[PDB]
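Commentary on secondary and tertiary structure
Here is how the chains run, residue by residue.
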Amino acid sequence: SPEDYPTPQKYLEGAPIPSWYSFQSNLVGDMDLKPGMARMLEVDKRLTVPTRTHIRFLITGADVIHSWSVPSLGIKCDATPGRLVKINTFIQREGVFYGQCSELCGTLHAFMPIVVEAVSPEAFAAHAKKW
Amino acid sequence: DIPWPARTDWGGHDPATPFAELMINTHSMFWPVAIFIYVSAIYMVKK
Amino acid sequence: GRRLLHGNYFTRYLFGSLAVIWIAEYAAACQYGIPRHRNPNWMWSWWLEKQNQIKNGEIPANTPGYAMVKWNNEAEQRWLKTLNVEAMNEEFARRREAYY
Amino acid sequence: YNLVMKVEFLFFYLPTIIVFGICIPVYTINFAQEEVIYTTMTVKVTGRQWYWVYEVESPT
Amino acid sequence: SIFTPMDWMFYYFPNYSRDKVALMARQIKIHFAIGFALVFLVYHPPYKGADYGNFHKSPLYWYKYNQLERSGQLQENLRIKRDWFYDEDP
Amino acid sequence: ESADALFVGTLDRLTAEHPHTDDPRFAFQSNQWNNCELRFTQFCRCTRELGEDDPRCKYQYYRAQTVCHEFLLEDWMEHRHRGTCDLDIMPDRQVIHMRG
Amino acid sequence: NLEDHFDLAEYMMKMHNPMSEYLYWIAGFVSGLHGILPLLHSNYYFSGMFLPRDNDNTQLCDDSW
Amino acid sequence: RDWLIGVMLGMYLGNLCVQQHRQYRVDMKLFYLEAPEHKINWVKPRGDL
Amino acid sequence: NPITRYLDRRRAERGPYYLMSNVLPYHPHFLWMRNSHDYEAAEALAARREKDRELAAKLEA
Amino acid sequence: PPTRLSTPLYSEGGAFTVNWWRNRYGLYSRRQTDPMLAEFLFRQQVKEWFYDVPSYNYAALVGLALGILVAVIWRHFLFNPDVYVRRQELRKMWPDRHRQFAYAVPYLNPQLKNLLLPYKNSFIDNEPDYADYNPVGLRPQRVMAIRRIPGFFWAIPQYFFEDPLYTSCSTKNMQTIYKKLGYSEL
Amino acid sequence: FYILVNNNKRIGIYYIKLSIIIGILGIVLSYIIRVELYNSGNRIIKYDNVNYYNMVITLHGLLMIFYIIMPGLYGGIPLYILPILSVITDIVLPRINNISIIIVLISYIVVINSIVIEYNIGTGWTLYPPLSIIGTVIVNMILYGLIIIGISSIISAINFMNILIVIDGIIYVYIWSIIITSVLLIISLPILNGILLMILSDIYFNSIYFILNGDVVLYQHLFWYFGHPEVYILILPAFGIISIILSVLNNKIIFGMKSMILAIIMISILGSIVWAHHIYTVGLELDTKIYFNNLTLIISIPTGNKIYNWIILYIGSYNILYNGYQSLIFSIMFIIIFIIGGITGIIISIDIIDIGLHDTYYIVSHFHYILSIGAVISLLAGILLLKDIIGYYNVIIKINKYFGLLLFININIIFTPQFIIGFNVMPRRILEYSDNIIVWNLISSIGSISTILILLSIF
Ligand SMILES: CCCCCCCCCCCCCCCCCC(=O)OC[C@H](COP(=O)([O-])OCC(O)COP(=O)([O-])OC[C@@H](COC(=O)CCCCCCCCCCCCCCCCC)OC(=O)CCCCCCCCCCCCCCCCC)OC(=O)CCCCCCCCCCCCCCCCC
Ligand code: HEA
Ligand code: HEA
Ligand SMILES: CCCCCCCC/C=C/CCCCCCCC(=O)OC[C@H](COP(=O)(O)OCCN)OC(=O)CCCCCCC/C=C/CCCCCCCC
Ligand code: CUA
Ligand SMILES: [O-][O-]
Ligand SMILES: [Cu+2]
Ligand SMILES: [K+]
Ligand SMILES: [Mg+2]
C-alpha cells in the first residue's frame, strides 16, 4: 500500500524533496601553497558546518581503510570499506579544526588532511545557499 | 584546532565539543593515579 | 585402570551443552518478549496480495511478477517481449491431457 | 609470616582497587559516546586514495 | 571469600578449609558466579535504572546540603551568575 | 497526531519524520551498513508498487541517501536498472530456496 | 679429547683465526647495506638523484643554497 | 614500613595534579561565559580556492 | 587555539608560567635565515591589506 | 600440612578434592613409581600450590575474568540483534526481519546505561546535559547526577550543589544566552 | 662442523649471533626513519620515493619483532640455559632445534632479497587489507617469510614443551616463563596461519574476502588474536630472565615463587582474550568495547604483582657487594622502564582516551619503552649474566657505567618526546608533518643518532 512507504505530508502536497551535493577535498601542493597556508594541513575545499548543532557524521572508506580524525572535535573514526560508522558531534565554538588521515592508506597517507570550519548557523546557511 | 610549537598539551588541547572535553578530563582524572603508581614503586628501587 | 574424566563425559557434555543452550534461549526470548511463531514467507504485503489473486484466479496462472509491477528494469523488458502466459497455460493443459 | 602475607595481599589487591576505581568511569564514558542523540543534519564522508569526499544535503 | 586474606580464612575457619583443593575450587566457582551475575543482573536488565527521581541522597549529602542551606551559600551557588554574552562598553 | 503515532503503523515512520536520526532497528550499533541496505530495498519495493514518479518513492530515495554514501548508491542503482540487483529481483524469480 | 671438551674450543681458548670475526662483522655490514643501497637506487629511479637536498620539495628563497 | 613513605610521597605528588585539574575545570567553565577569547559571529567561510 | 591562549593567561596570572615556544626557535633553519625575505609575498600581502581596508570602510558605510 | 606419610590427608567428596586430585596428578608422571615416592611427591605439590595463601588471589581473578567472558559471549548470542544463529530472518530481505527487530530496543537500553549516563557531569565542564533531551523516545530522557562519580574525581566537588558555576554552565543557560543574541536555537 | 651442529648450546649462540646481524639492518632502518623526521621537508627520501618510507617502517617493525627480539629472547637464551636449568643432558628434539635456526636465516634472506629485487612499497607490519592485497609482489614475499617464521616458532615451542616430560629437577620460574610462551604460541600461531592464508588467497587466488560484502574488520580480529599474545610471547621470557638475575646477583631467594608463576599463567590467559583493544576505533558494539576495556585493565593486576615481588628482591641486599655490574643495572632499569610503558598502556586502554591517541606517536613510545628499551635491556642483561658460561670476549660491557648511563639517557630522549607529540597530534606511519611539531621530532632525532654512536663504544 502507499502507506507502507511513510512520507511527510508536505512532500505529498508538492514540496521539493531535498537534493545532495558532493565535493572533493584535496591537499594543497607544496608549490601551490600561499604565504599564510599551513603546510601538510591545508586543503582546497573545506567542510563547513554549523556550530551549536547536532550533526551526524557517517564515515566509510571506498577502497582501503582510511581514518577521519579531527583532534579538536574529539573524532577518530576508521573509514573502513563495508562499514558506515555513525559519529555524532556538537560543536561549541567557531574556528577551523585541522586533522589528518590516521590509518596507513598507501603512498600518500600523509597527504590527505581533514579541514573542518565551524561557523555561525546564519553564516552556514548563507554559505550552503551559495555553494 | 591546530598543533602549536613546543607544546606539551598533556591530555589534549583546545576542545570544541563536549566529547572532546570529556576525553581531556578522563586523562586528567587518571594522571595523578599514574603518578602515584610510579612514585610509590620507584621509591623502593634500592638496596 | 584409573579414570581421568567423567565416566560418560562425551554424551554428558555434548547433550548437556545442547540442553543448556536451548533452555537459556527460551529464557532469553521470554525476557525480551520476542515473537516465537515461525513465518516461512516474505512480508511484502503488496506481493502477498498479488499471490492471493493468482490463487483466487483473478490473475492468470504462471503470470510473472514483472508482468504485474509498475516499473520494469531492462532485463524484465527483455523478458516481456517473449512472454506469452496464454501459450504457457495451453502447453501445461496439453501435458495434463497426455499424462491422463 | 603474618606481616608478609598482608603485604602480598596488598601487592595484589591495591592494584585491584585502582582498576575498580577506573571501571565505573570507563563504563560512563563508553555509554556517552554511544548515546542516541537527536541529530538534525548529516554529513557523509568517504575516504579515497588520496583525498576525502564529502556529501552534504543542499538547501532547498 | 571476596577480598579476604586466605591466611585469615585458614585460621578462623579451620574445618571449612581442611581440604585445600576443594577450598580452591570454591574460590574459583564463587568468583565465576559473581562475574556471571554482574553481566546478567547489573548490566543486562532492560528498561531499568532510569528512575532519576530516586537518586540516592546519602547522610553526607544532607549534612552538606543543610549546612549550605542554613547560610546563603546554597542560594548563591544555584544562582545563575551570567545570562548575557557581551558586556556593555562605556 | 497521537504522541506515539510514529511508533504506531510502522517502525519505518520514525526516521521518515526525523530523517537524520537513528532508526530504532539499528541504533544499537555504530555501523549503519545494514540500515542503508534496508532503506534501498524499501526504495526498490516502492517503485514496483507506485512507480518512479510517485512523490513517496522519490522520498524513499531521499531517505536512502541519508544513510547511503553516493558511491554505493550509484553502483547499486546501476545494478537495479540492468536487472541484476539482488534486492530488487521479483520474488517469484528468486533462487534462495532452491537446491537448499 | 681435551681439545673437544669445550664447545668452540679455539675461540674460548683464544686461538681462533681472526678471519672468523671479520666475516661476522662483514655479514652485519652487508645486512645494513640492504637498507641504504635500495634507498639510493629508488631515489634515483623516481627522481634522478641518489639523495635529496633538504627541503627541495618545498618553495625556497632566492638565495637558498 | 618505608614503603609507606613512598605511598605518602606519591599521594602528595598526585595531589599536585589534582589541584591543577581542579583549577583547569574552573577556568573552562568561565571560557564560554566570560572569556573575551571566545568569539561568535567571527569566522567566515573561506570559499573554494 | 583560543582555549590555549585563555589558559595561558589564567596560569600566568596565578603564578610562574614558562613556555618553550616563547624563548626557543621553532625551526632548525633559523641559523641561516637571519636576513631572508620573500619580497613577492610582501607586495601581495600589502596589496591585500589595502583592499581589506577599502572593504572595511565600505562595510562600515 | 602433615610432614609424616602415616598421617592421612582430609578430603571432601566431590569432583575437586584432595582424593580427586591424587587420582589424576600422577597419570602422566614418570616419577611416581611406587606408593611411598608417589605420596611424597603428591604432598610436595599440594603443600607448594594449595597451602600458599597468595595463590588463592589468582584463583579469584581467573574466576571473575572467566565468568564475565562466558556471560558476554552468551549475551551476544542470546540478545544482540545483529548476531544470527537461526536462519529464518536471514532468508528474507531486511524490511521483513520483524522477529530480529524485536531485540533492537530492549538491547538498546541496558540497565547500566541508564544508571551511569547521568554521571556525565563528572567529565564535562560546559553543557554536560547537551544531549539529555530527545523527543523521539527510543531512550529515556536523561537527568544529570547530583553527586560526583565515586573514586578519583577529587577535582570536582563531592556534590554539584556545592559548585558555584555549575548552574551557569548548563545547556539551558547557554541556550538562553545564545537565543538572546539570535545566534542559534540550541 | 658449523651448520650441521645439533648441540643445543651452540644453536643458542647462533640465535644471538643472527639476532645481532639482523639487528644491524633493523637499527639502520630506525636511523633512516628518525633522520627523515628531523624536520619538515624531504631529507633523505624523495617525495617521489615515499613508498620506500612505507617499506622502511614496515620492515623495521617486522624484523625487530619476529627476526630479532623473538629469536633472541625465545630462541637464544632459552636454547642455551633451559636444558641446564632442567638438569638434562641436552634438548629433547636435537634435529628439530637445528632446522629451526636454519629456517629463521632462510626467511631473513628471502625478506632482504625482496627489498633488493622487488618494488619497494609498504603496508605496515600489521598488513591490514585491502591495502596489503592491492600491493606488489614484495607483499607476497613478506608473507612467505612470516609463514616460514611461523614454522620455526611452532616447532621450537613443541621442543620446549617436551622438557616437562624429561625435567629432572624443579621447574624454576624461568622455565615456567618459556613453557607458557610456548603454550601461547601453540594456541595463537594456527589462527595467524589461517588469516595469512586468506591474505594470500586474495593476493594470489582471486579470493574476495577483503572486498565489498566481505568484512575487512575480520582480518583485524584474527590478526590481533595473534597480535597481542605475541607482545606477551616477547615479554614473558624477559620477565623470566629478570627473576633469575635479581635473585642471583642479590643472593636472595625469589619471594612469592608460586605467585610469580601464577602471575605468568594469568597474564597468558588474559592476554589471549583482550586482543580487540587494538580495534577500538573501528566501530565495535558498546558492550564489546566495555568487555575488552574491562579485561584489558585486569592484566595490570598480575603484572603488578610481579613488579612488586621484584622490588623486594633488590631491597635489603648486602651493601658490600658491588652494584655497578652492567647486568644488575639493566635488571633494575627494566623495572623502572617497564612501569612507564605499562602505565601508558593502561592510559591507552581506556577507549575514550584511545580515540585521541590511536595511530599517534604516543602508541609508538608506549611499545618502544617496553620493547626497544625494556626487552632489549633484558636480553642484554641476560647475556651479560651468562658471559662466563657463554665465554664471549673482546667487548667492554660487563663493567661499563658510561654505556648504561648514556643508553638510558639517550633512549629516553628518543621516546619521551613521542608521548608529547601524541597530544599535538602527530599521526604514526607518516614522514611529512606540520612545521609546529619539528621541535619534539628534532629532539628525538638527536637522541637516535646519539644512541647509535654509543653502540660503537662497546667494541
Ligand atoms: C647490535 C650490534 C651491537 C651489539 C653490542 C652488544 C654485544 C654483546 C655481546 C654479544 C655476544 C654474543 C655471543 C657471542 C659468542 C661468540 C662465539 C664465537 O666466537 O664463536 C666462534 C665463531 C667461529 O670461530 P671458529 O670456531 O674459529 O670457527 C672456525 C671456522 O668454523 C672455520 O674457519 P675457516 O677459516 O675455514 O672458515 C670458513 C670461512 C672461509 O673464509 C674465507 O676464506 C674468507 C676470505 C675473505 C673474505 C672476506 C669478505 C670479503 C667481502 C668482499 C666484499 C666486496 C664488495 C665489493 C663492492 C663493490 C661495489 C662497487 O668462511 C666461509 O667459507 C663462509 C663465510 C660465511 C659467513 C660470512 C658472510 C659474509 C657476508 C656475505 C654477504 C653476502 C650477500 C650476497 C647478496 C647477493 C645478492 C644477489 O666465531 C665467529 O664466527 C666470529 C664471531 C665474532 C663476534 C663474536 C661476538 C663478540 C662480541 C660482540 C661484538 C660486537 C658485534 C656486533 C655485530 C657486528 C657488527 C657489524
Ligand atoms: C611487549 C610489548 C608490549 C607489552 C608488555 C604491552 C602491554 C600492554 N599494552 Fe600494548 N602494545 C604493544 C606492545 C606491548 N604492550 C605494541 C607493540 C602495540 C602497537 C601495535 C600496533 O598498533 O601496531 C601496543 C598497543 C597497545 C594498545 C593500542 C593503542 C592504540 O592502538 O591506539 C593498547 C591499548 O589498549 C595497549 C595496551 C596495553 C596494556 C593495557 C598493557 C599491559 O600489559 C601493561 C601492564 C603493566 C602495567 C599496568 C604496569 C605494571 C603494573 C603495575 C605498576 C601495577 C599497578 C598499575 C595499575 C594498577 C594500573 N597496547
Ligand atoms: C622490538 C622491536 C623494536 C625495536 C628494538 C625498535 C627500536 C627502535 N625503533 Fe621501532 N618500531 C617497532 C619495533 C621496534 N623498534 C615497531 C614494531 C614499529 C611499528 C612499525 C609500523 O609502524 O608499522 C616501530 C616503529 C618505529 C617508528 C615509527 C615509524 C613510523 O611508522 O612512522 C620509529 C621512529 O620514530 C622507530 C624508531 C626506533 C628507534 C629509533 C629504535 C632503536 O634504535 C632505539 C635505540 C636502541 C637500540 C639501537 C638498541 C637495539 C638493539 C637491538 C634490537 C639488538 C639486541 C640484540 C641482542 C641484545 C643480542 N620505531
Ligand atoms: C547430538 C544430537 C544431535 C544434535 C543436533 C544439533 C544440531 C544444531 C546444532 C547447532 C549449533 C549449537 C547451538 C544450537 C542452538 C539451538 C537454539 C538456537 O537456535 O539458538 C539461537 C540463539 C540465537 O538465535 P537468534 O534468534 O537467531 O538470534 C537472536 C539475537 N541474538 O543462538 C544460540 O543460543 C546458539 C549459539 C551459541 C551456542 C553456545 C552458547 C553461547 C555461549 C557460548 C560461550 C562460549 C565461552 C565458553 C563457555 C564455557 C561454558 C560455560
Ligand atoms: Cu588515508 Cu591514510
Ligand atoms: O598490544 O598490547
Ligand atoms: Cu594488544
Ligand atoms: K621530513
Ligand atoms: Mg589504526
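Residues numbered from 1 in each chain as written, not as in the entry; some residues may be left out. Chains lettered and ligands numbered in written order. Part of a larger assembly, values for the part shown. Heavy atoms only, no water.

This entry, as listed in the PDB, derives from cryo-EM and reports a resolution of 2.2 Å.

On to the overall build of chain E. The helix and strand inventory of chain E stands at 4 helices and 0 strands. Each of the three principal axes of chain E carries a C-alpha extent, and together these read 85 × 35 × 25 Å. Of the roughly 5,900 Å² of accessible surface on chain E, 62% is carried by carbon and sulfur atoms. If you average the places of the 11 positive and of the 9 negative side-chain charges in chain E, the two averages end up 19 Å apart. (Helix = DSSP H or I, 4+ residues; strand = E, 2+ residues; numbered from the N terminus. Areas by Shrake-Rupley, 256 points an atom, 1.4 Å probe, with all protein chains shown as cover. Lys, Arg positive; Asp, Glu negative; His and termini not counted. Charge placed at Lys NZ, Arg CZ, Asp CG, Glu CD.)

What follows covers the packing of helix α15 (residues 401–420) of chain K against helix α16 (residues 438–456) of chain K. All names here are of chain K. Between α15 and α16, the least distance of the axes is 8 Å, while the angle of their chain directions is 155 degrees. As summarised for this structure, α15 and α16 are arranged roughly antiparallel, according to the angle between their axes. The crossing of α15 and α16 is left-handed. Facing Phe403, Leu406, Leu407, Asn410, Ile411, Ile413, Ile414, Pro417 and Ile420 of α15, the residues of α16 in contact are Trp440, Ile443, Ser444, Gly447, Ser448, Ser450, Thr451, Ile454 and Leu455. Residue composition of the contact of α15 with α16, grouped by class: 12 nonpolar, 6 polar and no charged. (Axes fitted to C-alpha atoms, helices over the stretch in contact; angles between N-to-C directions. Parallel < 35°, antiparallel > 145°, perpendicular 65-115°, else oblique. Left-handed = near helix turned anticlockwise from the far one by under 90°. Contact = heavy atoms within 4.5 Å. Nonpolar A, V, L, I, M, F, W, Y, C, P; charged D, E, K, R; others polar.)

As a structural note, the neighbourhood of ligand 1 is formed by 20 residues, with G:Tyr11, G:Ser20, G:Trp25, K:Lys17 and K:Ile20 the closest of them. Within the side chain of K:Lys17, a nitrogen or oxygen atom sits 3.2 Å from an oxygen atom of ligand 1. With 8 residues, helix α2 (residues 18–47) of chain G is the largest single contributor of residues to the shell around ligand 1. Taken together, the residues of the shell around ligand 1 sort by class into 16 nonpolar, 2 polar and 2 charged. (Near = heavy atom within 4 Å. Polar contact = N/O pair within 3.5 Å; in protein donor to acceptor, adjacent residues only side chain to side chain.)

Moving on, we get to the interface of chain E and chain J. Taken together, the 54 residues of chain E in the interface contact 57 residues of chain J. Around 5,000 Å² of area is buried between chain E and chain J when both sides are counted, 69% of it from carbon and sulfur atoms. Taken together, the links from chain E to chain J amount to 3 salt bridges. Across the pair E:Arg26 and J:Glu12 runs a salt bridge, and its minimum N-O distance is 3.0 Å. Elements represented by at least two residues in the side of chain E that touches chain J include exactly α1 (6–12), α2 (20–43), α3 (59–70) and α4 (73–78) of chain E. No other element matches α2(E), which puts 20 residues into the side of chain E that touches chain J. (Buried area = accessible area lost by both parts, 1.4 Å probe. Salt bridge = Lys/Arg side-chain N within 4 Å of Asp/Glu carboxyl O.)

Turning our eyes to something else, we now look at the pattern of salt bridges. Taken as a whole and assessed by the stated rule, the structure comprises 47 salt bridges over all chains. A salt bridge links G:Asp56 to K:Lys46; its shortest N-O distance comes to 3.0 Å. Highlighted residues: G:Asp56 in the segment after α2 and K:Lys46 in the loop between α1 (8–36) and α2 (50–85), drawn from two different chains. The partly exposed category is assigned to G:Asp56, whose relative accessible area is 29%. The residue H:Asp27 makes a salt bridge to I:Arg14 at a minimum N-O spacing of 2.9 Å. (Buried < 20%, exposed > 50% of the residue type's maximum accessible area, 1.4 Å probe, protein only.)

All names here are of chain A. With 5 of 5 residues buried, strand β5 (residues 75–79) lies mostly within the body of the structure. Going residue by residue along β5, you find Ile75, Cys77 and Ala79 tucked away on one face and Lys76 and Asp78 tucked away on the opposite face as well. Where strand β4 (residues 66–70) meets β5, 5 bridges bridge the pair, whose relative direction is antiparallel. What sits directly across from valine 70, in β5, is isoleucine 75. In textbook terms, the turn of a hairpin is the stretch between consecutive antiparallel strands, and for β4 and β5 this stretch comprises 4 residues, one of which, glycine 74, has a positive phi near 65 degrees. (Pairing = 2+ DSSP bridges.)

A separate point is the coordination of the iron atom of ligand 3. Residues and elements named next belong to chain K. At the metal site, the iron atom of ligand 3 is ligated by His60 (NE2) and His368 (NE2), and these contacts range over 2.3 to 2.4 Å. Relative to the metal, the 6 donor atoms surrounding the iron atom of ligand 3 lie at angles of 76 to 180 degrees, and the coordination shape comes out octahedral. Of this pair, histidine 60 sits in helix α2 while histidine 368 sits in helix α13 (residues 361–385), placing them 308 residues apart in sequence. (Donors = N, O, S within 2.8 Å, 3.2 Å for Na, K, Ca; no water. Tetrahedral: all angles 85-135°; square planar, octahedral: opposite > 155°, others 65-115°.)

This part takes up the coordination of the iron atom of ligand 2. Residues and elements named next belong to chain K. If you check the protein contacts of the iron atom of ligand 2, you find one donor only, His366 (NE2), at 2.6 Å. Coordination at the iron atom of ligand 2 is octahedral: its 6 donor atoms span angles of 80 to 180 degrees at the metal. Here the iron atom of ligand 2 and the copper ion (ligand 7) are spaced 4.6 Å apart. Summarising the element assignment, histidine 366 is placed in helix α13.

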